[PDB]
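Working notes, beginning with the structure itself.
Just so it is clear: chains get the letters A, B, ... in the order the sequence lines come, proteins before strands, and each one is counted from 1. Just so you know, these numbers use all the heavy atoms, side chains as well, and skip hydrogens, waters and symmetry mates.
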Amino acid sequence: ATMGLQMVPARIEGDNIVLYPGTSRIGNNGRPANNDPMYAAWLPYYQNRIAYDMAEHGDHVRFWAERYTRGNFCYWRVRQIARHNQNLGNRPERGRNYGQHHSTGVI
RNA sequence: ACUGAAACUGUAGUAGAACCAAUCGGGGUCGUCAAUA
């Protein structure tokens, strides 16, 4: 279960697998370096739900995200999301803390 | 400036000899499963 920290989001694109670390950078061991955020955004899907403006696997999407904190780590919480053609709208304000998930306001 | 006639292409001969539809295989048995937050 510790091995999941060492995995980067990836997409194959032709004969290449292309890594997508996002705003964070791949540390030497493969974990997100120096406590920068998780390589993928978290799309709240079940316990809190962010429908478009429900997204499915492999939807190309454009979205706002907010850096949120829990425990030793932080991540980009998807705040609102649109299909890549649509417009995601104006910058959202400070998100609500969702239990132990605390907003940083970096959006 | 006188049509020849009459005559069974029949008679004898086994599409057959040899070749395995076969070779191997206990109707058997134990460790999880799942990936997030």
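For B/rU23, the glycosidic angle deviates from 0 by more than 90°, giving an anti base. Base orientation of B/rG25: anti (glycosidic angle beyond 90° from 0). By the rule that a glycosidic angle within 90° of 0 means syn, B/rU11 does not qualify and counts as anti. Against the 90° criterion about 0, the sugar-base torsion of B/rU29 places it in the anti range.
With no hydrogens or angles considered, no side-chain donor-acceptor pair links A/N97 and A/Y68 at under 3.5 Å. In the model, A/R25 has a side-chain atom that pairs as donor or acceptor with a side-chain atom of A/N34 under 3.5 Å.
Evaluated for a side chain to side chain donor-acceptor pair (under 3.5 Å) with A/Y75, the options A/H101, A/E66, A/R70 yield exactly one hit, A/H101. Of the candidates A/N48, A/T69, A/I50, A/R77 forms a side-chain contact (heavy atoms from CB on, under 4.5 Å) with just one, namely A/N48. The side chain to side chain donor-acceptor pair (under 3.5 Å) test with A/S103 is passed by exactly one of A/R79, A/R94, A/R67, A/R96: A/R94.
Taking atom P on both nucleotides, B/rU29 is separated from B/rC33 by 22 Å, rounded to a whole Å. Taking atom P in both B/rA5 and B/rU9, the straight-line distance is 16 Å, to the nearest Å. Comparing the same atom, P, in B/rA21 and in B/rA17 gives a spacing of 15 Å after rounding to whole Å.
Under a stacking criterion requiring six-membered ring centres under 5.5 Å apart and planes under 30°, the adjacent bases B/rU32 and B/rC33 are classed as stacked. Not both conditions hold for B/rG13 and B/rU14, whose six-membered rings lack centres under 5.5 angstrom apart with planes under 30 degrees, so their bases do not stack. Under the 5.5 Å centre and 30° plane thresholds, B/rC20 does not stack on its strand neighbour B/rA21.
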*Yes or no on ring pair (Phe, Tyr, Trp, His ring centres under 6.0 Å) for A/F73 and A/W42, after CA distance, side-chain angles and deciding distance?*
CA-CA 13 Å; A/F73 77 99; A/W42 294 17; 5.6 Å; yes
Please list, for nucleotides 35-37 of chain B, all pairs of protein and nucleotide N/O atoms separated by less than 3.5 Å.
{"from": "B/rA37", "atom 1": "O3'", "to": "A/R70", "atom 2": "NH1", "distance (Å)": "2.2"}
{"from": "B/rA37", "atom 1": "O2'", "to": "A/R70", "atom 2": "NH1", "distance (Å)": "3.0"}

